[PDB]
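Beneath this line is the structure, given in structure tokens, with notes to follow.
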Number of protein chains: 2
Amino acid sequence: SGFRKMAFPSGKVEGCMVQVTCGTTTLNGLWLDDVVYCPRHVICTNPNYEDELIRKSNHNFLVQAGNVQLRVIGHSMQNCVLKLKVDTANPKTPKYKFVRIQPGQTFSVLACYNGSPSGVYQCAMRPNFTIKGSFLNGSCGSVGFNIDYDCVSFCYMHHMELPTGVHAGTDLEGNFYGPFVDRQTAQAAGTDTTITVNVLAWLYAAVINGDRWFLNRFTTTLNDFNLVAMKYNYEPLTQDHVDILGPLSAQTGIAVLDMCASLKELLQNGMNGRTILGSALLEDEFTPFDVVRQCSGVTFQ
Amino acid sequence: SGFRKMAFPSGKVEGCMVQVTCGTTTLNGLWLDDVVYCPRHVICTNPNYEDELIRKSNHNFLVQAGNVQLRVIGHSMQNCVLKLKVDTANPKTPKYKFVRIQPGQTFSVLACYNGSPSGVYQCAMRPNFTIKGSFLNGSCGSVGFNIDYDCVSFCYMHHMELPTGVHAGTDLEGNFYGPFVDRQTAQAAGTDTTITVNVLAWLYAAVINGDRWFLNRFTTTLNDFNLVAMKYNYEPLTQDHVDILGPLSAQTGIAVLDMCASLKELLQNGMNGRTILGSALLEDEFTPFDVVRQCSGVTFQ
Ligand SMILES: *[C@H](O)[C@H](C[C@@H]1CCNC1=O)NC(=O)[C@H](CC1CCCCC1)NC(=O)[C@@H](NC(=O)OCc1ccccc1)[C@@H](C)OC(C)(C)C
Ligand SMILES: *[C@H](O)[C@H](C[C@@H]1CCNC1=O)NC(=O)[C@H](CC1CCCCC1)NC(=O)[C@@H](NC(=O)OCc1ccccc1)[C@@H](C)OC(C)(C)C
């Protein structure tokens with residue numbers, strides 16, 4: 001038992017991180033087979049990136065993989081990611097996919113500087129398409145990812161920080177999450193909401209782990225629940241969310257809508273000096289899958 | 001910016017995990033050079049382990065490293081760890097040390113089942129020598145560790161769960177942290193305390209990240225602070241702790257004892273509907289080193 005904010009093992013991704021240097025800019029790149037993916041704002045001189053990139057030569061891109069300098073033999077831009085063709089395929093290339101995740105989905109971030117991993121932590125895509133990361137200068141190109149059995153599904157690459165201290169980036173095909181653009185003009189996150197289905201998942205994690213104090217006898221209708229959710233800036237719970245919460249409901253014997261009744265009282269009364277799973281806040285960065293994964297011990301080969 | 005519960009990159013450790021099977025027991029082992037370390041309670045039949053181990057043959061130990069079965073050519077017991085001599089040195093053996101950490105120190109846990117990594121998370125050694133882990137059956141032998149530049153310092157190997165849902169284990173030389181013994185007789189954690197110096201470190205993390213609302217004009221004496229700390233079940237702050245908090249004090253311009261004044265008011269008034277670094281509780285599982293590492297971007301080769 002116990003319940004932790006758990007990241008995926010990072011080794012498969014560590015084996016792909018490289019340093020990409022162009023001009024006075026150093027950031028991280030992702031080396032899969034013979035391509036290095038990195039944010040396009042690595043390039044030189046309201047930017048027009050097509051113009052900027054046409055002015056570049058391959059030898060402008062210094063790619064360091066450990067103590068090995070990688071030779072760029074071509075380059076292309078796909079949306080906001082640059083793809084550097086290199087003459088060597090990464091022998092550590094895992095089995096991988098590129099996936100564009102939905103808000104509310106979680107992932108592990110391997111924070112990197114100069115191609116070297118610094119730390120790993122779990123993140124959710126917020127409803128406003130930011131992530132509350134931990135990122136300093138030089139962390140651009142760090143990726144977020146999930147693992148399924150043996151496949152690394154990359155879903156995030158870091159581009160920029162917004163004035164509230166949250167972070168914005170793209171999928172690995174270079175499409176920003178949210179309305180953000182890779183130019184240093186004024187942009188702001190947008191008002192966020194709490195990921196309701198994930199809070200319910202974490203309440204089920206709590207029950208699985210022996211916390212039951214927040215339960216009640218009541219029930220609620222989905223309609224009636226969503227009316228309370230909106231008042232507290234929670235995402236509407238859909239029937240799909242209810243269905244996704246099925247396995248957790250079945251394992252605990254607590255109907256989804258009964259858990260919704262508990263959450264409603266938690267929203268209306270607070271927790272009154274008590275904690276759930278070591279938290280004094282309602283936690284929303286565990287998906288139903290995360291809960292089931294951690295509470296049943298799924299591993300990855 | 002941003003501040004996350006960040007674990008070390010786990011890949012160097014993932015490359016060492018193996019499955020150890022003996023009788024009807026399967027758990028994890030740590031393969032470094034030609035030795036596999038695992039909890040001694042893996043062996044068969046108030047146990048007397050010397051008697052139990054003398055009755056064993058090498059071929060009773062099934063060691064799986066991926067799809068490769070490792071041959072045990074010898075075995076010995078050191079405290080509560082078993083060491084299985086195998087005929088193959090792990091080629092992925094990182095540079096490593098074994099270290100016995102002090103309560104309050106943090107580490108990353110690579111949770112494993114059947115030799116396969118499941119997840120990574122950050123943990124502290126509690127003052128009562130438990131850890132609040134996330135561990136199911138089969139996770140024994142998962143290790144906790146820190147990384148310094150390129151060296152993996154192993155400090156924890158998982159043995160058992162206690163009735164409160166917390167966890168007890170040993171250093172990699174098999175010495176339990178705390179008074180615990182590896183027998184299924186009644187044992188209990190002991191009353192825990194909050195790791196004061198770490199709370200102060202995390203308040204400095206908060207300031208570094210733009211949270212200043214909890215600061216005040218006041219100061220306090222170490223004596224006067226510790227008198228309030230004890231009332232709230234906090235560890236005494238020592239002058240060594242104050243000195244360790246020097247770099248963070250110097251970077252933020254907030255004298256340690258001034259931060260102690262802030263913590264005292266936080267203890268006395270609560271936070272009153274406000275959060276610090278996304279938490280509604282005073283967080284104590286970041287060491288001063290953790291804060292400086294994350295807020296300045298130290299990486300690991
Ligand atoms: C790449 O390593 C860094 C990572 C940043 C650095 C600090 N934390 C991070 O996550 N990325 C940047 O430094 C990028 C670089 C530009 C990205 C767009 C194309 C040109 C290069 N810049 C930012 O992340 C800045 N954010 C920003 O400009 O946002 C739009 C904006 C502009 C003006 C007002 C409001 C919003 C950051 C560094 O600037 C602030 C932290 C001041 C917001
Ligand atoms: C190894 O993979 C598991 C990991 C456990 C399983 C659940 N969570 C974990 O972290 N370890 C065990 O299952 C060990 C095995 C014994 C360890 C001592 C030597 C003999 C094998 N057992 C426990 O971890 C149990 N704890 C325990 O017995 O503690 C002492 C005790 C005994 C009686 C009353 C109170 C305390 C766990 C599995 O039992 C409880 C969860 C019921 C405490």
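The chains in the structure tokens are called A, B, ... from first to last as shown; in each chain the residues are counted from 1, and the ligands are counted from 1 in the order shown.
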
Might you pull out every residue within 9 Å of residue 71 in chain B, with only C-alpha atoms counted and same-chain residues fewer than 4 positions away left off, and present them as a CSV table (one decimal) with N, CA, C and O atoms, in the first residue's frame?
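This went into part18.csv:
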```
chain,number,residue,atom,x,y,z
B,58,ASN,N,22.9,-23.3,-4.1
B,58,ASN,CA,22.9,-22.3,-5.1
B,58,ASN,C,21.8,-22.5,-6.1
B,58,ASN,O,21.1,-21.5,-6.4
B,59,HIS,N,21.5,-23.7,-6.6
B,59,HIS,CA,20.5,-23.9,-7.6
B,59,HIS,C,19.1,-23.7,-7.0
B,59,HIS,O,18.1,-23.7,-7.8
B,61,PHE,N,18.3,-20.8,-6.1
B,61,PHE,CA,18.1,-19.4,-6.4
B,61,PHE,C,18.0,-19.2,-7.9
B,61,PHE,O,18.9,-19.3,-8.6
B,62,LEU,N,16.8,-18.8,-8.4
B,62,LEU,CA,16.5,-18.6,-9.8
B,62,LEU,C,16.6,-17.0,-9.9
B,62,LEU,O,15.9,-16.3,-9.4
B,63,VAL,N,17.6,-16.6,-10.7
B,63,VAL,CA,17.9,-15.2,-11.0
B,63,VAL,C,17.7,-14.9,-12.4
B,63,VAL,O,18.4,-15.5,-13.3
B,85,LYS,N,26.5,-14.6,-5.4
B,85,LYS,CA,27.5,-14.6,-6.4
B,85,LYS,C,27.0,-15.3,-7.7
B,85,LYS,O,26.5,-16.4,-7.7
B,86,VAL,N,27.1,-14.6,-8.8
B,86,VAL,CA,26.6,-15.1,-10.1
B,86,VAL,C,27.8,-15.2,-11.0
B,86,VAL,O,28.9,-14.5,-10.8
B,87,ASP,N,27.7,-16.0,-12.1
B,87,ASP,CA,28.9,-16.2,-13.0
B,87,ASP,C,29.1,-15.1,-14.0
B,87,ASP,O,30.1,-15.1,-14.7
B,88,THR,N,28.2,-14.1,-14.1
B,88,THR,CA,28.3,-13.0,-15.0
B,88,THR,C,28.3,-11.7,-14.3
B,88,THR,O,27.4,-11.4,-13.4
```

Environment of ligand 2 within 9 Å, counting only C-alpha atoms and all ligand atoms, reported as a PyMOL selection string: (chain A and resi 1-2) or (chain B and resi 25-28+39-42+46-47+113+133-142+158-168+180-188)

Output for the residues just chosen: C-alpha atoms as a tab-separated table (two decimals), in the first residue's frame:
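This went into out25.tsv:
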```
chain	number	residue	atom	x	y	z
A	1	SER	CA	0.00	0.00	0.00
A	2	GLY	CA	0.81	3.71	-0.06
B	25	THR	CA	8.97	-16.41	-3.17
B	26	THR	CA	9.69	-13.95	-5.96
B	27	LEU	CA	11.20	-10.54	-5.33
B	28	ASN	CA	13.71	-8.14	-6.84
B	39	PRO	CA	16.39	-9.34	1.07
B	40	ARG	CA	17.32	-12.46	2.99
B	41	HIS	CA	13.68	-13.27	3.76
B	42	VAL	CA	13.56	-14.64	0.20
B	46	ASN	CA	10.52	-16.26	14.13
B	47	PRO	CA	12.93	-17.48	11.44
B	113	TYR	CA	8.01	-6.22	-9.59
B	133	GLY	CA	6.47	4.43	0.12
B	134	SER	CA	4.18	2.91	-2.46
B	135	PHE	CA	4.82	-0.82	-2.33
B	136	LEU	CA	2.81	-3.97	-3.04
B	137	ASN	CA	3.63	-7.63	-2.70
B	138	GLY	CA	6.61	-8.48	-4.89
B	139	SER	CA	8.26	-5.06	-4.46
B	140	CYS	CA	10.82	-6.34	-1.93
B	141	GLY	CA	14.33	-5.75	-3.20
B	142	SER	CA	13.35	-2.46	-4.86
B	158	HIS	CA	12.70	-2.62	0.57
B	159	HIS	CA	11.79	-5.45	2.97
B	160	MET	CA	8.39	-5.02	4.51
B	161	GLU	CA	5.28	-2.98	5.20
B	162	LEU	CA	4.09	-2.05	8.69
B	163	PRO	CA	0.44	-1.97	9.80
B	164	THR	CA	0.09	1.81	9.33
B	165	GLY	CA	0.86	1.42	5.62
B	166	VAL	CA	4.44	2.72	5.84
B	167	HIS	CA	7.52	0.79	4.92
B	168	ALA	CA	10.69	-0.53	6.49
B	180	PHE	CA	12.76	-3.23	12.81
B	181	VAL	CA	13.61	-6.88	12.31
B	182	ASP	CA	12.81	-9.16	9.38
B	183	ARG	CA	10.35	-11.43	11.13
B	184	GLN	CA	6.55	-11.37	10.92
B	185	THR	CA	6.09	-10.54	14.61
B	186	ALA	CA	4.23	-7.48	15.87
B	187	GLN	CA	6.11	-4.27	15.14
B	188	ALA	CA	5.01	-0.66	14.90
```

What are the closest atom pairs, with distances in Å to one decimal, for all residues of chain B lying within 12 Å of ligand 1? Consider only C-alpha atoms and all ligand atoms, order rows by chain and residue number, and present the result as a tab-separated table.
```
residue	atom	partner	partner_atom_place_in_ligand_line	distance
B:1	CA	ligand 1	8 (N)	5.7
B:2	CA	ligand 1	8 (N)	8.5
B:3	CA	ligand 1	8 (N)	11.6
B:209	CA	ligand 1	8 (N)	11.4
B:210	CA	ligand 1	41 (C)	11.9
B:295	CA	ligand 1	8 (N)	10.9
B:296	CA	ligand 1	7 (C)	11.3
B:297	CA	ligand 1	8 (N)	11.0
```

d(CA of residue 68 in chain A, CA of residue 96 in chain A) in Å: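 Interatomic distance, CA of residue 68 in chain A to CA of residue 96 in chain A: 23.2 Å.
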
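The space between CA of residue 236 in chain A and CA of residue 267 in chain A spans 14.2 Å.
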
For residue 259 in chain A: contacts at 12 Å, only C-alpha atoms, fewer than 2 positions along chain excluded, given as a PyMOL selection string: chain A and resi 196-207+212+214-222+225+242+245-246+248-249+252-257+261-266

Between CA of residue 289 in chain A and CA of residue 14 in chain A, distance in Å (one decimal):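 Between CA of residue 289 in chain A and CA of residue 14 in chain A the gap works out to 24.0 Å.
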
Using only C-alpha atoms: which of B:195, B:65, B:82, B:22 has the shortest distance to chain A: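 Closest to chain A, using only C-alpha atoms: B:65.
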
Residue among B:285, B:224, B:51, B:171 lying closest to chain A, counting only C-alpha atoms: B:285

Residue nearest residue 114 in chain A - candidates A:64, A:146, A:268, A:128, atoms counted: only C-alpha atoms: A:64

Distance query residue 301 in chain B at most 9 Å, only C-alpha atoms, self and fewer than 2 positions along chain excluded, as a PyMOL selection string: (chain A and resi 66+116-117) or (chain B and resi 148-151+299)

Would you mind exporting N, CA, C and O atoms of the selected residues as a PDB file, in the first residue's frame?
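Once everything was written out, this is out_37.pdb:
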```
ATOM      1  N   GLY A  66      26.451  12.601 -25.435  1.00  0.00           N
ATOM      2  CA  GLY A  66      27.538  12.272 -24.528  1.00  0.00           C
ATOM      3  C   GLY A  66      28.800  12.987 -24.965  1.00  0.00           C
ATOM      4  O   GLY A  66      28.803  14.200 -25.211  1.00  0.00           O
ATOM      5  N   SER A 116      21.716  16.376 -20.532  1.00  0.00           N
ATOM      6  CA  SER A 116      21.925  15.474 -19.410  1.00  0.00           C
ATOM      7  C   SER A 116      20.713  15.492 -18.500  1.00  0.00           C
ATOM      8  O   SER A 116      20.272  16.575 -18.090  1.00  0.00           O
ATOM      9  N   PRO A 117      20.149  14.333 -18.175  1.00  0.00           N
ATOM     10  CA  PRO A 117      18.930  14.318 -17.351  1.00  0.00           C
ATOM     11  C   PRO A 117      19.185  14.843 -15.952  1.00  0.00           C
ATOM     12  O   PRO A 117      20.149  14.453 -15.293  1.00  0.00           O
TER      13      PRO A 117
ATOM     14  N   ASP B 148      24.975  11.271  -7.604  1.00  0.00           N
ATOM     15  CA  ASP B 148      25.874  12.415  -7.562  1.00  0.00           C
ATOM     16  C   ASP B 148      26.786  12.333  -8.779  1.00  0.00           C
ATOM     17  O   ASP B 148      27.327  11.267  -9.090  1.00  0.00           O
ATOM     18  N   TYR B 149      26.893  13.445  -9.497  1.00  0.00           N
ATOM     19  CA  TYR B 149      27.339  13.438 -10.882  1.00  0.00           C
ATOM     20  C   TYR B 149      27.027  12.123 -11.590  1.00  0.00           C
ATOM     21  O   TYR B 149      25.946  11.953 -12.159  1.00  0.00           O
ATOM     22  N   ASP B 150      27.947  11.169 -11.527  1.00  0.00           N
ATOM     23  CA  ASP B 150      27.794   9.918 -12.250  1.00  0.00           C
ATOM     24  C   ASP B 150      27.662   8.703 -11.339  1.00  0.00           C
ATOM     25  O   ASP B 150      27.495   7.582 -11.840  1.00  0.00           O
ATOM     26  N   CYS B 151      27.695   8.893 -10.024  1.00  0.00           N
ATOM     27  CA  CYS B 151      27.735   7.783  -9.086  1.00  0.00           C
ATOM     28  C   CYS B 151      26.358   7.537  -8.482  1.00  0.00           C
ATOM     29  O   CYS B 151      25.708   8.473  -8.000  1.00  0.00           O
ATOM     30  N   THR B 299      22.579  18.430 -13.162  1.00  0.00           N
ATOM     31  CA  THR B 299      22.341  17.216 -13.939  1.00  0.00           C
ATOM     32  C   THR B 299      23.360  16.143 -13.554  1.00  0.00           C
ATOM     33  O   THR B 299      24.206  16.338 -12.669  1.00  0.00           O
TER      34      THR B 299
END
```

Test item, alpha helix (DSSP H) assignment across range 5-117 of chain A, answer as a list in words: residues 11, 12, 13, 14, 49, 50, 51, 52, 53 and 54 of chain A

Would you output that residue set with N, CA and C atoms, as a PDB file, in the first residue's frame?
```
ATOM      1  N   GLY A  11      14.714   5.508 -17.968  1.00  0.00           N
ATOM      2  CA  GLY A  11      15.962   5.117 -18.624  1.00  0.00           C
ATOM      3  C   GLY A  11      15.859   5.083 -20.138  1.00  0.00           C
ATOM      4  N   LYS A  12      14.749   4.550 -20.658  1.00  0.00           N
ATOM      5  CA  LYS A  12      14.550   4.486 -22.101  1.00  0.00           C
ATOM      6  C   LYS A  12      14.623   5.868 -22.732  1.00  0.00           C
ATOM      7  N   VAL A  13      14.171   6.892 -22.014  1.00  0.00           N
ATOM      8  CA  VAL A  13      14.223   8.254 -22.538  1.00  0.00           C
ATOM      9  C   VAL A  13      15.595   8.869 -22.328  1.00  0.00           C
ATOM     10  N   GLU A  14      16.229   8.579 -21.175  1.00  0.00           N
ATOM     11  CA  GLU A  14      17.567   9.099 -20.922  1.00  0.00           C
ATOM     12  C   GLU A  14      18.503   8.736 -22.060  1.00  0.00           C
ATOM     13  N   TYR A  49      10.156  31.763 -38.988  1.00  0.00           N
ATOM     14  CA  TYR A  49      11.040  30.611 -38.881  1.00  0.00           C
ATOM     15  C   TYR A  49      11.398  30.030 -40.237  1.00  0.00           C
ATOM     16  N   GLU A  50      10.493  30.105 -41.206  1.00  0.00           N
ATOM     17  CA  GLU A  50      10.849  29.658 -42.547  1.00  0.00           C
ATOM     18  C   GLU A  50      12.032  30.463 -43.082  1.00  0.00           C
ATOM     19  N   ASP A  51      11.976  31.792 -42.939  1.00  0.00           N
ATOM     20  CA  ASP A  51      13.085  32.650 -43.347  1.00  0.00           C
ATOM     21  C   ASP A  51      14.348  32.340 -42.564  1.00  0.00           C
ATOM     22  N   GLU A  52      14.211  32.166 -41.252  1.00  0.00           N
ATOM     23  CA  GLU A  52      15.364  31.894 -40.407  1.00  0.00           C
ATOM     24  C   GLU A  52      16.002  30.561 -40.750  1.00  0.00           C
ATOM     25  N   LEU A  53      15.187  29.555 -41.033  1.00  0.00           N
ATOM     26  CA  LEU A  53      15.739  28.235 -41.272  1.00  0.00           C
ATOM     27  C   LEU A  53      16.400  28.141 -42.640  1.00  0.00           C
ATOM     28  N   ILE A  54      15.863  28.841 -43.644  1.00  0.00           N
ATOM     29  CA  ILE A  54      16.445  28.786 -44.987  1.00  0.00           C
ATOM     30  C   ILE A  54      17.861  29.348 -44.959  1.00  0.00           C
TER      31      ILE A  54
END
```

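Shortest atom-to-atom contact with chain A among B:78, B:102, B:118, B:130: B:118, counting only C-alpha atoms.
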
Nearest-residue call for chain B, choices A:109, A:250, A:228, A:281, using only C-alpha atoms: A:281

Close residues, residue 97 in chain B itself excluded, 8 Å, only C-alpha atoms, min 2 positions apart in chain, as a count of residues only: 6

Selection near residue 115 in chain A, 6 Å with only C-alpha atoms, sequence-local residues under 6 positions removed, as an NGL selection string: :A and (17-19 or 28)

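Every protein or nucleic acid residue with an atom no more than 8 Å from residue 279 in chain B, counting only C-alpha atoms and leaving out same-chain residues fewer than 2 positions away, appears here: residues 279, 280 and 281 of chain A; 275, 276, 277, 281, 282 and 283 of chain B.
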
Backbone-only DSSP, strand (DSSP E) members of range 16-246 of chain A, as an NGL selection string: :A and (17-22 or 25-32 or 35-39 or 61-65 or 68-70 or 72-78 or 81-86 or 95-98 or 106-113 or 116-124 or 143-148 or 151-161 or 167-170)

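Comparing A:105, A:287, A:122, A:251 by their smallest distance to chain B, the closest is A:122 (using only C-alpha atoms).
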